[PDB]
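Peer 1: give me the fold of what follows.
(one chain, ligands or ions: 5)
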Amino acid sequence: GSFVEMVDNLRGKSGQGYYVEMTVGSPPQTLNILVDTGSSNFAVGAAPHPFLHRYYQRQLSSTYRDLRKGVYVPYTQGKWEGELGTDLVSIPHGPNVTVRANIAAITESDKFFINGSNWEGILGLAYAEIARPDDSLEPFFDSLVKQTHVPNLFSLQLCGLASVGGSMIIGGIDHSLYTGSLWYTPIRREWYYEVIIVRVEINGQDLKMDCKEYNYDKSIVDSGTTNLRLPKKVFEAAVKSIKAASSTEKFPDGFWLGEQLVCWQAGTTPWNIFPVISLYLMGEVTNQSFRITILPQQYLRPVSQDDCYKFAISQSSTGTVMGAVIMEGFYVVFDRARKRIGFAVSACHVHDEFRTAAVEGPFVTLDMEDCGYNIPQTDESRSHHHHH
Ligand SMILES: CC(=O)N[C@@H](Cc1cc(F)cc(F)c1)[C@H](O)CNC1(c2cccc(-n3cccn3)c2)CCCCC1
Ligand SMILES: [Zn+2]
Ligand SMILES: [Zn+2]
Ligand SMILES: [Zn+2]
Ligand SMILES: [Zn+2]
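Peer 2: Numbers count the residues shown, from 1 in each chain. Ligands and ions are numbered 1, 2, ... in the order given. I have put the structure below:
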């Protein structure tokens with residue numbers, strides 16, 4: 001488990017999430033597992049399903065122990081039901097350590113598994129706070145760090161229907177995965193990997209919104225979501241501005257809805273008419289920020305003699321979700337030990353002829369804590385005690 005043994009340990013199909021090979025149980029059962037920075041539960045298929053041809057067989061594992069507890073987890077469209085337990089977990093193209101972790105054995109599901117995905121489970125790498133059924137269910141990464149000598153840090157280089165590749169570096173930073181300098185934004189609160197966006201530009205033009213609209217009701221880094229998602233108001237401003245630059249082409253509304261492809265003749269796509277998008281993230285120094293710059297090659301997704309494209313930016317009512325669309329630009333450091341997220345330009349350069357994906361700063365201004373929104377506290381959340 002040198003960083004070199006972890007290089008290129010990810011695979012997937014385009015728009016269907018990235019997965020790492022894990023083993024579960026004794027003897028080890030090999031399974032492919034979606035890497036989700038947007039959730040906190042480790043769960044694996046554990047009974048027959050249409051789209052699966054292997055699953056976790058609890059009864060074949062000598063190290064399995066029943067927790068006698070059910071759990072239910074909805075996501076944006078998919079959901080599953082599970083029965084909790086613990087077993088030995090390893091990442092074979094990862095560090096050379098085995099840990100006892102919590103596993104949700106999935107017994108029923110709806111629209112969870114995706115035909116052709118090649119994944120049989122989901123690794124929630126976010127914090128205990130949002131774990132189901134409550135935060136006393138230690139997440140995998142927590143266990144791994146608690147039980148071994150692995151630094152409290154991981155890094156994602158997501159690259160590339162068509163196949164994708166990439167790397168999850170568990171426990172450090174591999175400099176062969178990036179070029180230029182690494183910029184860190186703070187983790188605002190440890191639940192999701194919540195960050196603050198202080199400014200947005202499309203083709204250098206500021207959208208000029210109250211900076212709180214950008215993080216309404218939050219902003220996060222989610223390897224589990226394909227698209228860049230944007231709060232309704234920001235989405236509308238953004239589309240207006242993208243439509244205006246690309247206006248030599250007149251697409252049907254369904255395209256802007258992300259529900260329809262548009263096509264040019266093989267190798268003739270007019271990239272230049274689509275604008276770069278810059279997201280300015282709060283720096284570690286007060287009044288400083290730095291931008292990540294997104295190419296239309298990242299947000300226009302490839303799907304006769306024709307190159308065809310899906311619009312990978314969609315509306316949100318649950319804040320700004322920086323999905324795979326965004327991450328594919330970058331080597332992203334989830335530096336849990338220092339409560340920061342780093343970005344650098346990826347050594348998998350998914351690059352334009354005149355423009356490039358960029359991580360740039362500092363930019364200096366005023367009043368970024370002012371850009372956070374505070375979610376309305378519900379009675380249900382206020383009432384649960386936390387003797388942890
Ligand atoms: C598209 C999708 O849904 N992706 C799953 C991962 C995923 C990928 C996939 F390919 C199929 C799936 F069903 C789920 C990912 O977590 C979604 N993450 C958010 C989400 C949304 C709703 C519930 C939960 N959540 C549950 C527990 C803790 N948080 C998380 C995080 C907050 C903002 C919106 C997306
Ligand atoms: Zn392998
Ligand atoms: Zn059921
Ligand atoms: Zn109490
Ligand atoms: Zn608690």
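Peer 1: run through the bridge partners of residue 104.
Peer 2: Under the criterion DSSP bridges, residue 104 forms beta bridges with residue 43, residue 84.
Peer 1: wait, what's in contact with it?
Peer 2: By Cβ atoms under 8 Å, 6 or more residues apart in numbering, the residues touching residue 104 are 41-44, 71, 73, 80, 82-84. Every residue, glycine included, has its C-beta placed from N, CA and C.
Peer 1: for the stretch 151-300 of the chain, give the residue positioned nearest to ligand 2.
Peer 2: The stretch 151-300 of the chain approaches ligand 2 most closely through residue 168 (13.3 Å), counting by Cβ to the ion.
Peer 1: list of residues touching stretch 120-131?
Peer 2: By Cβ under 8 Å, 6+ apart, stretch 120-131 touches 20, 22, 31-45, 52, 54-56, 106, 113, 135-142, 154, 190-193, 223-224, 334, 388.
Peer 1: so of the residues you listed, which ones are in helices?
Peer 2: Per DSSP state H, helices hold the following members of the contacts of stretch 120-131: 140-142.
Peer 1: so which of the contacts of stretch 120-131 reach ligand 5?
Peer 2: Restricting the contacts of stretch 120-131 to those within reach of ligand 5 (Cβ under 5 Å from the ion) leaves 135, 388.
Peer 1: quick check: PyMOL command selecting the buried ones in the contacts of stretch 120-131.
Peer 2: Isolation of the buried members of those (16 or more other Cβ atoms under 10 Å) is achieved in PyMOL through the command below:
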select buried, resi 20+22+31+32+33+34+35+36+37+38+39+40+41+42+43+44+45+52+55+56+106+113+135+137+138+139+140+141+142+154+191+192+193+223+224+334
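Peer 1: could you measure the closest residue to ligand 5 within the chain against ligand 1, distance?
Peer 2: Nearest residue of the chain to ligand 5: residue 386, at 3.5 Å (Cβ to the ion). Distance from residue 386 to ligand 1, counting by Cβ to the nearest ligand atom, to the nearest Å: 17 Å.
Peer 1: close to ligand 2: what parts of the chain are there?
Peer 2: Checking the chain against ligand 2 by Cβ under 5 Å from the ion, the hits are 21, 92.
Peer 1: check contacts around the residue most central in space within the chain.
Peer 2: Geometric centre of the chain, nearest residue: residue 223, 1.3 Å, by Cα atoms, centre = their mean. Residue 223 sits next to 17-18, 35-38, 125, 156, 158, 323-324, 327 when contact means Cβ under 8 Å, 6+ apart.
Peer 1: could you dump these to CSV with distance to residue 7?
Peer 2: Converted to CSV, the contacts of residue 223 look like this (distance: Cβ to Cβ, whole Å):
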residue, distance to residue 7
17, 20
18, 14
35, 15
36, 21
37, 19
38, 24
125, 19
156, 13
158, 13
323, 23
324, 19
327, 17
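Peer 1: give me the subset of those that lies in strands.
Peer 2: Assigned to strands by DSSP state E, the following of the contacts of residue 223 qualify: 18, 35-36, 156, 158.
Peer 1: now for those residues: which two are most distant?
Peer 2: The span of the ones in strands among the contacts of residue 223, defined through Cβ to Cβ, is set by 36 and 158 at 12.4 Å.
Peer 1: so where does residue 315 fall, helix or strand?
Peer 2: strand 313-316 (DSSP states H and E).
Peer 1: that strand and ligand 1 in contact?
Peer 2: No - Strand 313-316 does not reach ligand 1 (Cβ under 6 Å from any ligand atom); its nearest approach is 7.1 Å.
Peer 1: which strands or helices does that strand pack on?
Peer 2: Secondary-structure packing of strand 313-316 (3 or more Cβ pairs under 8 Å, 6 or more residues apart in numbering; DSSP states H and E): strand 228-231, helix 232-245.
Peer 1: 6 Å instead?
Peer 2: When contacts are defined as 3 or more Cβ pairs under 6 Å, 6 or more residues apart in numbering; DSSP states H and E, strand 313-316 packs onto strand 228-231.
Peer 1: return the set of buried residues in the strand it packs on.
Peer 2: For strand 228-231, by 16+ other Cβ under 10 Å, it's 228-231.
Peer 1: and whichever residue of the stretch 51-200 of the chain sits closest to ligand 1, what does it touch?
Peer 2: Residue nearest to ligand 1 within the stretch 51-200 of the chain: residue 78 (2.4 Å; Cβ to the nearest ligand atom). For residue 78, the contact set (Cβ atoms under 6 Å, 6 or more residues apart in numbering) comprises 111-112.
Peer 1: still on that earlier bit, can you tell me which of the contacts of residue 104 is nearest ligand 2?
Peer 2: Among the contacts of residue 104, and counting by Cβ to the ion, the member closest to ligand 2 is residue 44, at 16.3 Å.
Peer 1: if we can go back for a sec, how about the residue of the chain closest to ligand 5: what's its closest non-neighbour residue?
Peer 2: residue 135 (7.2 Å; Cβ to Cβ, 6 or more residues apart in numbering).
Peer 1: state whether the residue of the stretch 151-300 of the chain closest to ligand 2 is indeed within a strand.
Peer 2: Yes - under DSSP: H, G, I helix; E, B strand; the rest coil, residue 168 falls within a strand.
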